[PDB]
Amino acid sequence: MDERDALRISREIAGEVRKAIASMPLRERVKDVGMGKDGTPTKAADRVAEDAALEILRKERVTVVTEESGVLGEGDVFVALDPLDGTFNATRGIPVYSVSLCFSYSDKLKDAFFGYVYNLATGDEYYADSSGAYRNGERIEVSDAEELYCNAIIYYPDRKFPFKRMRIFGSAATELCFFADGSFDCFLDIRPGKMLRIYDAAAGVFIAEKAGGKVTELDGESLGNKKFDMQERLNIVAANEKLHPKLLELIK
């Protein structure tokens, strides 16, 4: 499988997940239907999105790591799949939720070759491959803001901060793309518990890096050894290379 295959597969998944979610009324979406392998409830919306995505991925030689059903398959290409990132928004009809896919040539983030995030409510498509990062077919890149007085997505502000704006939209995959395309100057997830899972973050991280972003753990450490399994957890500090070290200093 190469990056062109992955783009084709991701688009087919986006089309099916979008159709499955769009037809589901909110009351239906909101219902709990089971306990996910991640340890949080699976909503009906999560289940139909995942079934639609897995029906396509099952035909490929992959090992899938996905929120509700866990680790499936034995293939050599690993796929971190979030079939519905921003479930809370989706169940409320708040239009910021996405299907997220990151393809890697091993079970580690450093071997990623493709990242894809599709906003299921707006139809915005973000992806990245060896040729760069894209939003709806157009090349994107992170902003060049150098000052802490900037536009930040941050989980969570717990002290007085110097940002021009702080936002929290409820969908890390999409928000990492908001950072990738320069809509926001940085993305931080500095929650002490380390809450992000590999499938929440992997595609956005890859897309943001291809867009020129520096993206690391809390202390500036590489994300390369983050594993595609259910146990993996991440904090994230993401910004252009000039702003990034100022952020690291700020959160100390």
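The term rigid core refers to the most C-alpha atoms you can superpose between the two forms while keeping them within 1.5 Å. Numbering starts at 1 and runs along the sequence shown.
Peer 1: With everything overlaid on the rigid core, name the stretch, 227-235 or 240-248, whose CA atoms wander farther on average in 6 other deposited structures of this protein.
Peer 2: Farther on average in 6 other deposited structures of this protein: 227-235.
Peer 1: Check the entry's C-alpha temperature factors for 154-162 and 72-80, then say which stretch has the higher mean.
Peer 2: Mean C-alpha B-factor is greater for 154-162.
Peer 1: Averaging CA B factors per stretch from the PDB record, which one is higher: 45-53 or 190-198?
Peer 2: That would be 190-198.
Peer 1: Highest CA temperature factor in the entry: which of 130, 104, 91, 98?
Peer 2: The listed residue with the largest C-alpha B-factor is 130.
Peer 1: Quick one: classify residue 30 as lowest, middle or highest third of the chain based on its Cα B-factor.
Peer 2: For residue 30, the deposited C-alpha B-factor lands in the middle third.
Peer 1: Is residue 227 in the lowest, middle or highest third of its chain when residues are ranked by C-alpha B-factor?
Peer 2: Lowest third - that is where residue 227 ends up once the chain's C-alpha B-factors are sorted.
Peer 1: Going by the recorded CA B-factors, say which third of the chain residue 17 sits in, lowest, middle or highest.
Peer 2: Its C-alpha B-factor belongs to the middle third of this chain's values.
Peer 1: Based on the entry's values, in what third of the chain does the Cα temperature factor of residue 36 lie: lowest, middle or highest?
Peer 2: Within its chain, residue 36 is a lowest-third residue by C-alpha B-factor, going by the deposited values.
Peer 1: Ranking every modelled residue in this chain by its Cα temperature factor as given in the entry, which third contains residue 178?
Peer 2: Residue 178: CA B-factor falls in the middle third of its chain.
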